[PDB]
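Encoded as structure tokens, the following chain is the form deposited in one PDB entry, with no partner shown.
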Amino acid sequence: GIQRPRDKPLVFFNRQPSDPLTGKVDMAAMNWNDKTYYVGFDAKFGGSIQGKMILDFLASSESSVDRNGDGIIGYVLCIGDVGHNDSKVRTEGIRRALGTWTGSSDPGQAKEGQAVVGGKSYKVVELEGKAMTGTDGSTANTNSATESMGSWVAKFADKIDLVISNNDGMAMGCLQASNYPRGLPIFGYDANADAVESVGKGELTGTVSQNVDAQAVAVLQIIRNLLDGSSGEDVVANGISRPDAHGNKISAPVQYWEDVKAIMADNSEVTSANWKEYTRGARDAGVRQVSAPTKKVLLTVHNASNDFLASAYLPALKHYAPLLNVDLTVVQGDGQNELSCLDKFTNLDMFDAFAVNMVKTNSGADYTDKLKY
């Protein structure tokens, strides 16, 4: 077993060590030891994946998708918080995919695009892209999306061939319109439980997942690999992109970015073809019970009140950990003060490895200071 704390595995996850202003990765933190890694997802490519989902849908569709037969695929777009990078990325992704991108992710900025539908070339028009703001100033507002959808049906009628949304909340809001045209294709983003259920019902046409289960498995699997004596390629491949010695393997695609020591889950489209893999509580059948020696991990969460971490990430971790014979202890902070986590990152001698979700992305050395000796 590893004798010195400074040599024990350290997996940063979900918030990447980096300068908070520039995003430059903190390689001092990443190079703590050669058993230090980061697990996240391919976030910058999320909009590309949403775009590709829509293009693939159109490519395998028939001309009946063109409801008014005018040779144009018309769409309406629900934009979330206009100042938020997620809105910008997703808007850019779908506009570039459809050829309507002009250089701007703003509402009202689009040009005529093009796409293949059922083996024929069509023009594409963004009939309207609009931020869904509540009358209280709230962003990505569900009720505003419902109202906008109803007004869009009234205004554009059967020029609307599909609805695209920066997120699931707004797409589900559109589906609440009393005049939602039956079967009209609609796409969201986030793979929320209700959205995936809707995909299963053939209502929402598709959404996009960050593969939280793959990320949770990767954190634990990296640690399993290291504590069992893997070093180098096997650490980031075994159980991750190919089966490990027990036959376990993450089902979703996962990347490794060597320069920053980051294991990054792909974003995945969620459609009628795979929706059951993404429903609330669904777990990866590719990860089964192992008989490896039991090991102890202390894992931190930067904010106990973060719903994604509380409701999606942590339950995934707790499902997979026992399967990998990891005894997982979890401590959780307040989302504001690093000390809320640091002061709980204690009695480290009880553990074999560590997983850290920092409040501030530049706090790496405060954690490694505790593992020096």
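In case it trips you up, residue 1 is the first one in the sequence shown, and so on.
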Segment of higher mean CA temperature factor, 109-117 or 130-138:
130-138
Higher mean Cα B-factor in the deposited model: 177-185 or 79-87?
79-87
The largest CA temperature factor among 261, 296, 201, 288 is found at 201
From 50, 60, 325, 36, the top C-alpha temperature factor is at 60
Would you check the entry's CA temperature factor for residue 222 and let me know if it's in the chain's lowest, middle or highest third?
lowest
Among the modelled residues of its chain, does the C-alpha B-factor of residue 92 lie in the lowest, middle or highest third?
lowest
Based on the deposited C-alpha B factors for this chain, I'd like to know if residue 42 is in the lowest, middle or highest third.
lowest
Which third of the chain holds residue 314 when residues are ordered by C-alpha B factor: lowest, middle or highest?
lowest
Please rank the C-alpha B-factors of the chain's modelled residues and tell me whether residue 214 sits in the lowest, middle or highest third.
lowest
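The form deposited in another entry is left out here; the points below concern that form.
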Residue pair residue 243, residue 53 - Cα distance in that other deposited form, closer or farther (3 Å or more)
farther
Once you compare with this form, do the C-alpha atoms of residue 253 and residue 55 lie closer or farther in that other deposited form, given a change of 3 Å or more?
farther
